[PDB]
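Pasted below: structure_28.cif, mmCIF, N, CA and C atoms.
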data_input
loop_
_atom_site.label_atom_id
_atom_site.label_comp_id
_atom_site.auth_asym_id
_atom_site.auth_seq_id
_atom_site.Cartn_x
_atom_site.Cartn_y
_atom_site.Cartn_z
N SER P 1 122.72 10.89 24.31
CA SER P 1 123.68 10.95 25.45
C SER P 1 125.13 10.61 25.01
N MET P 2 126.11 11.22 25.69
CA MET P 2 127.54 10.95 25.47
C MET P 2 127.92 9.55 25.99
N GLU P 3 127.24 9.09 27.06
CA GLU P 3 127.43 7.75 27.68
C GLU P 3 127.14 6.54 26.76
N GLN P 4 126.47 6.80 25.64
CA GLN P 4 126.36 5.82 24.56
C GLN P 4 127.48 5.91 23.54
N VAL P 5 127.93 7.12 23.21
CA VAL P 5 128.98 7.32 22.17
C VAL P 5 130.39 6.83 22.58
N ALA P 6 130.71 6.83 23.88
CA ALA P 6 131.99 6.27 24.38
C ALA P 6 131.96 4.75 24.35
N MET P 7 130.84 4.17 24.76
CA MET P 7 130.59 2.75 24.51
C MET P 7 130.65 2.43 23.02
N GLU P 8 130.05 3.30 22.20
CA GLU P 8 130.20 3.23 20.75
C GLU P 8 131.64 3.50 20.28
N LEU P 9 132.35 4.44 20.91
CA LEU P 9 133.79 4.66 20.64
C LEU P 9 134.65 3.44 21.07
N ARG P 10 134.21 2.75 22.12
CA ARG P 10 134.81 1.50 22.58
C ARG P 10 134.48 0.42 21.56
N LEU P 11 133.19 0.28 21.26
CA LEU P 11 132.71 -0.64 20.24
C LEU P 11 133.43 -0.43 18.91
N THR P 12 133.55 0.83 18.50
CA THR P 12 134.25 1.21 17.28
C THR P 12 135.68 0.71 17.27
N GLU P 13 136.44 1.07 18.30
CA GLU P 13 137.85 0.71 18.34
C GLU P 13 138.03 -0.79 18.51
N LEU P 14 137.12 -1.40 19.26
CA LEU P 14 137.02 -2.83 19.27
C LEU P 14 136.95 -3.34 17.84
N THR P 15 136.05 -2.76 17.06
CA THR P 15 135.89 -3.16 15.67
C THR P 15 137.20 -2.95 14.90
N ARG P 16 137.79 -1.75 15.02
CA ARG P 16 139.10 -1.42 14.40
C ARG P 16 140.24 -2.41 14.77
N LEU P 17 140.24 -2.87 16.02
CA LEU P 17 141.14 -3.93 16.48
C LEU P 17 140.78 -5.29 15.85
N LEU P 18 139.52 -5.68 15.97
CA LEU P 18 139.03 -6.97 15.48
C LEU P 18 139.16 -7.16 13.97
N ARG P 19 139.16 -6.06 13.22
CA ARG P 19 139.39 -6.10 11.77
C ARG P 19 140.82 -6.53 11.44
N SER P 20 141.77 -5.97 12.18
CA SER P 20 143.15 -6.40 12.08
C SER P 20 143.25 -7.88 12.44
N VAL P 21 142.65 -8.24 13.58
CA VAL P 21 142.66 -9.61 14.06
C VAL P 21 142.13 -10.56 13.00
N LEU P 22 141.02 -10.19 12.35
CA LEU P 22 140.39 -11.05 11.34
C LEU P 22 141.32 -11.21 10.15
N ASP P 23 141.80 -10.09 9.64
CA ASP P 23 142.77 -10.12 8.54
C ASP P 23 143.92 -11.11 8.81
N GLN P 24 144.48 -11.05 10.01
CA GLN P 24 145.56 -11.94 10.43
C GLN P 24 145.11 -13.37 10.49
N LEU P 25 143.89 -13.59 10.97
CA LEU P 25 143.33 -14.93 11.03
C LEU P 25 143.11 -15.50 9.61
N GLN P 26 142.57 -14.68 8.72
CA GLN P 26 142.26 -15.14 7.37
C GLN P 26 143.54 -15.41 6.56
N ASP P 27 144.60 -14.65 6.84
CA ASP P 27 145.94 -14.87 6.28
C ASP P 27 146.48 -16.23 6.64
N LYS P 28 146.07 -16.78 7.78
CA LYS P 28 146.43 -18.15 8.17
C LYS P 28 145.62 -19.23 7.48
N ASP P 29 144.73 -18.82 6.57
CA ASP P 29 143.96 -19.69 5.67
C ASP P 29 144.30 -19.25 4.25
N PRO P 30 145.55 -19.51 3.80
CA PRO P 30 145.88 -19.24 2.40
C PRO P 30 145.09 -20.13 1.42
N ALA P 31 144.70 -21.33 1.84
CA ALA P 31 143.78 -22.19 1.04
C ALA P 31 142.35 -21.64 0.85
N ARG P 32 141.94 -20.68 1.67
CA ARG P 32 140.59 -20.08 1.62
C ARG P 32 139.44 -21.06 1.81
N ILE P 33 139.69 -22.11 2.60
CA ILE P 33 138.67 -23.12 2.93
C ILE P 33 137.55 -22.52 3.82
N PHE P 34 137.91 -21.48 4.60
CA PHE P 34 137.03 -20.88 5.60
C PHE P 34 136.50 -19.48 5.25
N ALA P 35 136.69 -19.04 4.00
CA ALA P 35 136.38 -17.66 3.57
C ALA P 35 134.90 -17.40 3.34
N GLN P 36 134.19 -18.42 2.84
CA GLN P 36 132.77 -18.29 2.50
C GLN P 36 131.98 -19.41 3.11
N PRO P 37 130.69 -19.18 3.37
CA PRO P 37 129.91 -20.29 3.93
C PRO P 37 129.92 -21.58 3.05
N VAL P 38 129.67 -22.70 3.70
CA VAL P 38 129.36 -23.95 3.01
C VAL P 38 128.07 -23.77 2.16
N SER P 39 128.07 -24.34 0.95
CA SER P 39 126.90 -24.32 0.10
C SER P 39 125.88 -25.37 0.57
N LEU P 40 124.61 -24.96 0.63
CA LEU P 40 123.51 -25.87 0.92
C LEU P 40 122.87 -26.41 -0.36
N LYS P 41 123.42 -26.02 -1.51
CA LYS P 41 123.16 -26.73 -2.76
C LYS P 41 124.22 -27.85 -2.95
N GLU P 42 125.50 -27.55 -2.71
CA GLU P 42 126.56 -28.58 -2.73
C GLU P 42 126.43 -29.57 -1.56
N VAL P 43 126.22 -29.03 -0.35
CA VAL P 43 126.06 -29.81 0.88
C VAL P 43 124.65 -29.58 1.45
N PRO P 44 123.64 -30.19 0.83
CA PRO P 44 122.25 -29.99 1.26
C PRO P 44 121.86 -30.62 2.60
N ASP P 45 122.73 -31.48 3.15
CA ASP P 45 122.55 -32.03 4.51
C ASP P 45 123.26 -31.19 5.60
N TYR P 46 124.10 -30.22 5.21
CA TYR P 46 124.97 -29.49 6.16
C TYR P 46 124.29 -29.09 7.47
N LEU P 47 123.16 -28.40 7.38
CA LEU P 47 122.46 -27.96 8.58
C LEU P 47 121.90 -29.10 9.45
N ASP P 48 121.85 -30.32 8.92
CA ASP P 48 121.55 -31.49 9.75
C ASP P 48 122.73 -31.81 10.65
N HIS P 49 123.93 -31.45 10.19
CA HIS P 49 125.18 -31.63 10.93
C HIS P 49 125.60 -30.41 11.74
N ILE P 50 125.69 -29.25 11.11
CA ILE P 50 126.21 -28.06 11.76
C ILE P 50 125.06 -27.12 12.04
N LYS P 51 124.72 -26.94 13.32
CA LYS P 51 123.60 -26.09 13.71
C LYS P 51 123.86 -24.61 13.64
N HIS P 52 125.11 -24.21 13.76
CA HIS P 52 125.48 -22.80 13.66
C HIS P 52 126.69 -22.69 12.75
N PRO P 53 126.45 -22.64 11.42
CA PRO P 53 127.53 -22.44 10.47
C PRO P 53 128.16 -21.08 10.62
N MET P 54 129.45 -21.04 10.32
CA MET P 54 130.18 -19.82 10.39
C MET P 54 131.30 -19.84 9.36
N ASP P 55 131.76 -18.65 9.01
CA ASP P 55 132.88 -18.46 8.09
C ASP P 55 133.36 -17.01 8.17
N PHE P 56 134.51 -16.72 7.55
CA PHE P 56 135.08 -15.36 7.55
C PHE P 56 134.19 -14.29 6.90
N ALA P 57 133.53 -14.61 5.80
CA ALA P 57 132.67 -13.65 5.17
C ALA P 57 131.59 -13.21 6.12
N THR P 58 130.90 -14.18 6.69
CA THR P 58 129.86 -13.94 7.66
C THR P 58 130.45 -13.20 8.85
N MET P 59 131.58 -13.67 9.38
CA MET P 59 132.27 -12.96 10.46
C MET P 59 132.52 -11.49 10.12
N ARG P 60 132.99 -11.26 8.91
CA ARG P 60 133.25 -9.92 8.42
C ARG P 60 131.96 -9.11 8.27
N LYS P 61 130.89 -9.73 7.77
CA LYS P 61 129.62 -9.01 7.65
C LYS P 61 129.26 -8.52 9.02
N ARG P 62 129.20 -9.45 9.98
CA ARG P 62 128.88 -9.08 11.35
C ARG P 62 129.77 -7.92 11.83
N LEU P 63 131.07 -8.14 11.75
CA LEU P 63 132.08 -7.22 12.19
C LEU P 63 131.77 -5.81 11.75
N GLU P 64 131.59 -5.63 10.44
CA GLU P 64 131.48 -4.27 9.86
C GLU P 64 130.15 -3.56 10.17
N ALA P 65 129.13 -4.34 10.55
CA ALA P 65 127.91 -3.82 11.16
C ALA P 65 128.03 -3.70 12.70
N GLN P 66 129.25 -3.77 13.22
CA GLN P 66 129.54 -3.74 14.65
C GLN P 66 128.66 -4.66 15.48
N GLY P 67 128.56 -5.89 14.98
CA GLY P 67 127.81 -6.92 15.64
C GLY P 67 128.52 -7.58 16.80
N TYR P 68 129.83 -7.33 16.98
CA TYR P 68 130.59 -7.89 18.11
C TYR P 68 130.72 -6.86 19.24
N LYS P 69 130.00 -7.10 20.36
CA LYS P 69 130.05 -6.24 21.59
C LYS P 69 131.29 -6.47 22.47
N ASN P 70 132.01 -7.58 22.23
CA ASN P 70 133.27 -7.91 22.93
C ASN P 70 134.12 -8.94 22.14
N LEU P 71 135.34 -9.20 22.62
CA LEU P 71 136.22 -10.19 22.01
C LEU P 71 135.65 -11.58 22.18
N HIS P 72 135.03 -11.83 23.33
CA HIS P 72 134.47 -13.16 23.59
C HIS P 72 133.58 -13.61 22.43
N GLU P 73 132.65 -12.75 22.04
CA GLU P 73 131.73 -13.07 20.96
C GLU P 73 132.47 -13.39 19.65
N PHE P 74 133.53 -12.64 19.38
CA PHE P 74 134.34 -12.80 18.17
C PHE P 74 135.06 -14.13 18.19
N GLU P 75 135.73 -14.41 19.30
CA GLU P 75 136.31 -15.73 19.57
C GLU P 75 135.30 -16.86 19.39
N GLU P 76 134.06 -16.62 19.83
CA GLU P 76 133.02 -17.65 19.76
C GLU P 76 132.78 -18.05 18.32
N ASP P 77 132.66 -17.04 17.45
CA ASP P 77 132.48 -17.28 16.02
C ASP P 77 133.71 -17.89 15.39
N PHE P 78 134.90 -17.39 15.75
CA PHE P 78 136.14 -17.98 15.22
C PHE P 78 136.21 -19.46 15.59
N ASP P 79 136.00 -19.75 16.86
CA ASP P 79 135.85 -21.14 17.33
C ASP P 79 134.82 -22.01 16.58
N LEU P 80 133.67 -21.45 16.22
CA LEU P 80 132.71 -22.18 15.45
C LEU P 80 133.33 -22.62 14.18
N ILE P 81 134.01 -21.71 13.49
CA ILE P 81 134.55 -22.03 12.17
C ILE P 81 135.39 -23.29 12.26
N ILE P 82 136.28 -23.28 13.25
CA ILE P 82 137.20 -24.38 13.47
C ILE P 82 136.42 -25.58 13.93
N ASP P 83 135.65 -25.36 14.98
CA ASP P 83 134.89 -26.43 15.56
C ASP P 83 133.97 -27.07 14.52
N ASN P 84 133.30 -26.29 13.66
CA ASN P 84 132.34 -26.90 12.71
C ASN P 84 133.09 -27.76 11.71
N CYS P 85 134.18 -27.19 11.21
CA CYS P 85 135.10 -27.90 10.32
C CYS P 85 135.63 -29.23 10.83
N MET P 86 136.04 -29.23 12.10
CA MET P 86 136.59 -30.42 12.72
C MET P 86 135.55 -31.49 13.00
N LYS P 87 134.28 -31.09 13.11
CA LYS P 87 133.20 -32.05 13.27
C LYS P 87 132.76 -32.63 11.94
N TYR P 88 132.40 -31.77 10.99
CA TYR P 88 131.87 -32.24 9.70
C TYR P 88 132.86 -33.12 8.95
N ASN P 89 134.12 -32.71 8.93
CA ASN P 89 135.15 -33.39 8.16
C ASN P 89 135.94 -34.29 9.04
N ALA P 90 136.16 -35.51 8.58
CA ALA P 90 136.99 -36.49 9.26
C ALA P 90 138.44 -36.04 9.44
N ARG P 91 139.19 -36.79 10.24
CA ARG P 91 140.53 -36.38 10.70
C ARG P 91 141.70 -36.49 9.71
N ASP P 92 141.61 -37.41 8.76
CA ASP P 92 142.60 -37.53 7.69
C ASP P 92 142.41 -36.49 6.57
N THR P 93 141.35 -35.69 6.63
CA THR P 93 141.04 -34.76 5.57
C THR P 93 141.93 -33.53 5.62
N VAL P 94 142.15 -32.97 4.43
CA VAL P 94 142.76 -31.66 4.27
C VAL P 94 141.93 -30.61 5.01
N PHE P 95 140.60 -30.73 4.95
CA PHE P 95 139.71 -29.77 5.57
C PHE P 95 140.00 -29.68 7.06
N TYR P 96 139.94 -30.86 7.69
CA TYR P 96 140.21 -31.05 9.13
C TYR P 96 141.55 -30.50 9.57
N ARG P 97 142.57 -30.83 8.81
CA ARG P 97 143.92 -30.42 9.11
C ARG P 97 144.12 -28.93 8.89
N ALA P 98 143.42 -28.36 7.93
CA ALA P 98 143.39 -26.90 7.76
C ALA P 98 142.81 -26.17 8.97
N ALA P 99 141.77 -26.77 9.56
CA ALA P 99 141.15 -26.25 10.78
C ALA P 99 142.11 -26.22 11.96
N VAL P 100 142.75 -27.35 12.20
CA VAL P 100 143.76 -27.48 13.26
C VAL P 100 144.91 -26.46 13.10
N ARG P 101 145.44 -26.36 11.88
CA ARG P 101 146.50 -25.42 11.57
C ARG P 101 146.06 -24.01 11.91
N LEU P 102 144.84 -23.68 11.49
CA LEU P 102 144.27 -22.35 11.69
C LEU P 102 144.02 -22.05 13.16
N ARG P 103 143.60 -23.08 13.89
CA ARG P 103 143.36 -22.96 15.32
C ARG P 103 144.65 -22.57 16.03
N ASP P 104 145.65 -23.41 15.89
CA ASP P 104 146.95 -23.25 16.55
C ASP P 104 147.62 -21.90 16.27
N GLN P 105 147.61 -21.53 15.00
CA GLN P 105 148.14 -20.25 14.55
C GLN P 105 147.23 -19.09 14.98
N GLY P 106 145.92 -19.30 14.88
CA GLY P 106 144.94 -18.30 15.28
C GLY P 106 145.03 -17.97 16.76
N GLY P 107 145.19 -19.00 17.58
CA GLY P 107 145.32 -18.83 19.03
C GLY P 107 146.41 -17.89 19.51
N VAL P 108 147.55 -17.92 18.81
CA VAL P 108 148.67 -16.98 19.04
C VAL P 108 148.12 -15.58 18.87
N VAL P 109 147.48 -15.37 17.73
CA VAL P 109 146.97 -14.05 17.36
C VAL P 109 145.94 -13.59 18.37
N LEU P 110 145.12 -14.53 18.83
CA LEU P 110 144.08 -14.27 19.82
C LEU P 110 144.61 -14.11 21.23
N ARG P 111 145.69 -14.83 21.55
CA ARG P 111 146.42 -14.58 22.79
C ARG P 111 146.78 -13.09 22.90
N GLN P 112 147.45 -12.55 21.88
CA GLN P 112 147.83 -11.14 21.94
C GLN P 112 146.60 -10.21 21.80
N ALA P 113 145.61 -10.65 21.04
CA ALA P 113 144.38 -9.91 20.91
C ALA P 113 143.76 -9.66 22.27
N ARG P 114 143.55 -10.74 23.03
CA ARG P 114 143.02 -10.67 24.39
C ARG P 114 143.82 -9.69 25.23
N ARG P 115 145.15 -9.72 25.11
CA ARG P 115 146.04 -8.79 25.81
C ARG P 115 145.79 -7.33 25.43
N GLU P 116 145.75 -7.03 24.13
CA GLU P 116 145.52 -5.65 23.65
C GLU P 116 144.14 -5.10 24.03
N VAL P 117 143.12 -5.94 23.94
CA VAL P 117 141.76 -5.57 24.34
C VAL P 117 141.65 -5.16 25.81
N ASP P 118 142.27 -5.93 26.70
CA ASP P 118 142.35 -5.56 28.11
C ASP P 118 143.24 -4.31 28.29
N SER P 119 144.37 -4.26 27.57
CA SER P 119 145.37 -3.17 27.68
C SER P 119 144.86 -1.79 27.23
N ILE P 120 144.14 -1.76 26.11
CA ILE P 120 143.43 -0.54 25.66
C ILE P 120 142.15 -0.29 26.49
N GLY P 121 141.27 -1.29 26.52
CA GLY P 121 140.01 -1.23 27.27
C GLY P 121 138.85 -1.80 26.47
#

Can you turn what I pasted into C-alpha cells?
Amino acid sequence: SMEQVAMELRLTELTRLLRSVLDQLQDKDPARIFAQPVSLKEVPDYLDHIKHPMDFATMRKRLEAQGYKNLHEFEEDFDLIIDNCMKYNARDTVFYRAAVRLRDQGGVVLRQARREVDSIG
C-alpha cells in the first residue's frame, strides 16, 4: 500500500532531519565523551548503576535503521545520554560538566528541531 510508503517517506525525512540534528549534537561533544558506549570491561558495575545506557554510536545505529518513529523518541535517547552521565559521574567531574554543557547547547538545537519537525510534518 501507498499509505505505508508516505509514513515511510515521513519516517525517512524524519531520519534525514534527525541525522543533521545528531551531527550537530555530536559536534557539541568535541571531547567525544559520549561517542561510544561505556565499557563493561572497564566499568563492570555500570549496568548496576545505569539501566538504559546510551551513546551517539548506539543512537546512530538506531537512527540509520530508522528506529526513531518520532522526535520524542530521539530526544528520549539524547536525554538518557546526558541523564546517565549526570547520575554516574559526580558533579565536580569533567564527565558531569561535559553532560551539562552538551545539554544546554543541545537544547537549542532541539528547540529548533522540534520547530522544523512540526513545520515540515

Expand the PyMOL selection byres (((chain P and resi 103 and name CA) around 10) and name CA) into the explicit residue set it covers here, and present it as a PyMOL selection string. chain P and resi 25+28+78-79+81-83+97-102+104-110

Explicit residue set for the PyMOL selection byres (((chain P and resi 14 and name CA) around 12) and name CA), as number ranges by chain: P: 6-13, 15-22, 63-64, 66-74, 113-114, 116-121

Record the distance separating atom N of residue 50 (chain P) and atom N of residue 112 (chain P), expressed in Å with one decimal. 29.5 Å

Run the PyMOL selection byres ((chain P and resi 54-58) around 5) on the file and write out the hits as JSON, numbers by chain. {"P": [34, 35, 36, 52, 53, 59, 60, 61, 62, 81]}

Go ahead and compute the interatomic distance for CA of residue 77 (chain P) and CA of residue 3 (chain P), in Å to one decimal.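 Between these atoms lies a distance of 28.1 Å.
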
Name the residues of chain P that come out as helix (DSSP H, G or I) in a backbone DSSP run; write them as a PyMOL selection string. chain P and resi 2-27+46-49+56-64+71-88+94-120

Each side padded by 5 Å, which centre and which edge lengths in Å (one decimal) define the axis-aligned box around the listed atoms of region 41-55 of chain P? Give them as JSON.
{"center_x": 127.5, "center_y": -24.5, "center_z": 5.4, "size_x": 21.8, "size_y": 25.0, "size_z": 26.7}

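CA of residue 48 (chain P) to CA of residue 84 (chain P) spans 12.1 Å [interatomic distance, one decimal].
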